[PDB]
Number of protein chains: 4
Amino acid sequence: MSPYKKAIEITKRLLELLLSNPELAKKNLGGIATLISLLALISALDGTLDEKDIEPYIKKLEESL
Amino acid sequence: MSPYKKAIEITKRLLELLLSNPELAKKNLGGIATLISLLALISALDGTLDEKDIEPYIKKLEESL
Amino acid sequence: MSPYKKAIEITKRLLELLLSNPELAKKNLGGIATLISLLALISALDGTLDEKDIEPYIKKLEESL
Amino acid sequence: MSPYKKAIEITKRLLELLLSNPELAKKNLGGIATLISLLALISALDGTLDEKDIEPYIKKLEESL
C-alpha cells in the first residue's frame with residue numbers, strides 16, 4: 001500500500017460520503033469538485049492516473065448541478 | 001499525454017462547471033478559489049505555469065465577488 | 001522540522017478549527033473533507049502516512065453527516 | 001519566478017479576495033481553510049515554508065468563526 005494509494009482510497013471514501021445524499025451534495029458542490037481535482041493530482045503523483053477512474057465522479061457532480 | 005496534463009484538463013473542466021451559472025458560482029466561491037489554487041499547483045508540478053492560463057478564472061471569480 | 005511536517009500541523013489545526021463547533025462543521029462539510037484529503041496528500045509527500053492519523057477526522061466528518 | 005512562487009502568489013491573492021469582505025469570508029470558511037492548507041503545501045514544495053507567512057491568515061480565519 002503505497003502512501004499515494006492510501007491517499008487515493010481516502011479521497012474516494014470522502015467523495016462517496018459527500019455524494020451519498022444528493023441534498024448534501026448540492027450544498028457542497030465546490031468541495032466535491034475540489035476532491036475530484038485532488039484525486040487526479042494524487043493519482044498523477046502515484047503515476048496511475050486513468051481518466052476512466054475520474055469520470056464517474058464528474059458525471060455525478062454534473063447531475064447534481 | 002502527461003498525467004499532470006490530464007489533471008489540468010479535469011480541473012479546468014470542473015472550474016467551467018462551477019462558473020457556468022453565475023448563481024451557482026456565487027454559492028461556491030471558496031470552491032472556485034481552491035480549484036484555481038490547485039490548477040496553479042498542478043501546473044507547477046508539470047513544469048508549465050503561464051500566469052495567462054490562470055488569470056481569466058481569477059477575473060471570473062472577482063466578477064462573482 | 002520538515003516543511004511537510006509543518007504543513008501537516010497547520011492542516012490539523014485548520015481541521016480542529018472547523019470541527020470545534022458542530023453547527024459550523026455541518027455548514028462546511030466539503031471544506032473538512034478537502035482538508036482531510038490534503039492531510040493525506042501532504043503525509044504521502046512526507047513519506048509518512050499512517051491511516052490511524054486520518055481516521056479520527058473521517059469519523060468526525062461522518063458524525064456531522 | 002519559479003512556478004511554485006507563482007502558485008504561492010496566486011493562492012495569496014485568492015485568500016485576500018475571499019477575506020476582503022468579512023460577510024463573504026464567513027460563508028466560505030472551509031474554502032479559506034483549504035487555501036491556507038494549499039499555501040503551506042505549495043510552500044513546502046518550493047522549500048520556502050516559513051510559519052510566519054501562514055499565521056496571519058489562520059488568525060484572520062479564527063476571527064471570522
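In what follows, every heavy atom counts, from backbone to side chain, and hydrogens, waters and symmetry copies are set aside. All chains are named by letter (A, B, ...) in the order of the sequence lines, taking the proteins before the strands, and each is independently numbered beginning at 1.
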* Structure fact -> Taken to the nearest 0.5 Å, the spacing of B:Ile36 CD1 from D:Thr11 OG1 works out to 10.0 Å

* Give, as side chain, backbone, both or neither, the part of D:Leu18 having an atom under 4.5 angstrom from any heavy atom of chain B. => side chain

* Drop me the distance from D:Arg13's CZ to B:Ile54's CD1, to the nearest 0.5 angstrom. => 11.0 Å

* To do: Report the option among B:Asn28, B:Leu61, B:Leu45 that has the most heavy-atom pairs separated by less than 4.5 Å from atoms of chain D.
  => B:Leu45

* For the student: nearest non-hydrogen atoms of D:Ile10 and B:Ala40, plus distance -> CD1-CB, 4.1 Å

* Would you check if there is a donor-acceptor pair between the side chains of B:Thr34 and D:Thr34 at a distance under 3.5 Å? => no

* Flag, side chain of D:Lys6 to backbone of B:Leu49, donor-acceptor distance under 3.5 Å -> yes

* To do: Could you tell me the separation between the OG atom of B:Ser37 and the CG atom of D:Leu39, rounded to the nearest 0.5 Å?
  => 7.5 Å

* Check each atom of B:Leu65 against the heavy atoms of chain D and say whether the ones under 4.5 Å are side chain, backbone, both or neither. => both

* Please state whether the side chain, the backbone, both or neither of D:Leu29 comes within less than 4.5 Å of a heavy atom of chain B. => neither

* Structure fact -> To the nearest 0.5 Å, atom NZ of D:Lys27 lies from atom NZ of B:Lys26 at 9.0 Å

* Asked: Is the number of heavy atoms from other residues, nucleotides or ligands under 6.0 Å of B:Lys60 NZ greater than 12?
  -> no

* Interchain contact, B:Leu41 with chain D, by part (heavy-atom threshold 4.5 Å) -> both

